[PDB]
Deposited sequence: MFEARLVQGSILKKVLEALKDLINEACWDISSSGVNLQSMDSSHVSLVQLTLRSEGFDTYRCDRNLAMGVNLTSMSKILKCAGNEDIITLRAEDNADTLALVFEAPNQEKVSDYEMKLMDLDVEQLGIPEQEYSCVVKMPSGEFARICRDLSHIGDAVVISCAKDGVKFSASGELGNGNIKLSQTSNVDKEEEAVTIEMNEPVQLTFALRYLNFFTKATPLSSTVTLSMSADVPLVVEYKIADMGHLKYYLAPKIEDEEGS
């Protein structure tokens, strides 16, 4: 049995918008520490990791532990029906193939109930080791989204180059090439500098999280996946992982 109420349902809505153009089915891990989701996309080339800590739900009760197999697509059409100012409660009989979703509102006048079936889902979890990356780049999440859109008109892979006082972005295609250089304000923290290439198609799904945070942080190291993180204030985060190109 799990029940969880959220005063800022605003967020769930956006979480699901993030997750939804990337993966269609996933598995929600529910515990008393909170709500966790790990999923790769269908190519096993990116992966998304979601955490919504119990201490952030304006009401939390996980009774026993619980893995809910969910069509994110379905779920996305449901959270789209939530008003933006709506209080979103979740609830799940401690098994039965069905998760429940309540949208209360401002002046307690309208109340929306949706029940979505769920799914025996045999999905595959990876263990990501604890580590720290050579380069940690912090930038305004907006600035990063438009960067990936811009360069994505030029080419389809981006070359990210980290250095003491700045980071660079480069692409090239049958049109020419282009290069975007940002430099310490946009923050860097770096042991050894880095240079990898990543596929914009996936980056450009990641920035769909952009409304969750005003900042985004990428982490890198030689010949290992990029980490793209968004801090969901007071509450947890969305990491995307992307394997480097080549």
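Gaps between the deposited sequence and the modelled structure occur at positions 186 to 194, 256 to 261.
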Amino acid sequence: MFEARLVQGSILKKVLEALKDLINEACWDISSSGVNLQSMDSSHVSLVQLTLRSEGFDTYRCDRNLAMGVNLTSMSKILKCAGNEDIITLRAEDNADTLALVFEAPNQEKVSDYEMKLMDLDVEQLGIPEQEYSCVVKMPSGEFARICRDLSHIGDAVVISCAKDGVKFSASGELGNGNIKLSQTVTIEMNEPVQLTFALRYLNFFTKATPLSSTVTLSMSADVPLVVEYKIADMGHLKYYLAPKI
From here on, numbers count along this sequence of modelled residues.
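For clarity, a rigid core is taken as the largest C-alpha set superposing within 1.5 Å between two forms.
The higher RMS C-alpha distance to the shown form in 6 other deposited structures of this protein, out of 77 to 85 and 107 to 115, belongs to 107 to 115, with every structure fitted on the core. Larger average C-alpha displacement in 6 other deposited structures of this protein, relative to the shown form after a rigid core fit, is seen for 116 to 124 when comparing 155 to 163 with 116 to 124.
Taking only CA atoms, the mean B-factor in the PDB entry is higher for 92 to 100 than for the other of 167 to 175 and 92 to 100.
Out of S141, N84, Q131, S134, it is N84 whose C-alpha atom has the highest B-factor in the PDB entry. In this PDB entry, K245 carries a Cα temperature factor that places it within the middle third of its chain's modelled residues. In the deposited entry, the Cα temperature factor of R64 places it in the highest third of its chain's modelled residues. Residue-level temperature factors show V194 in the highest third of its chain, judged at the C-alpha atom. Among the modelled residues of the chain, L151 sits in the middle third by CA temperature factor in this PDB entry. In this PDB entry, the Cα temperature factor of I78 sits in the middle third of its chain's modelled residues.
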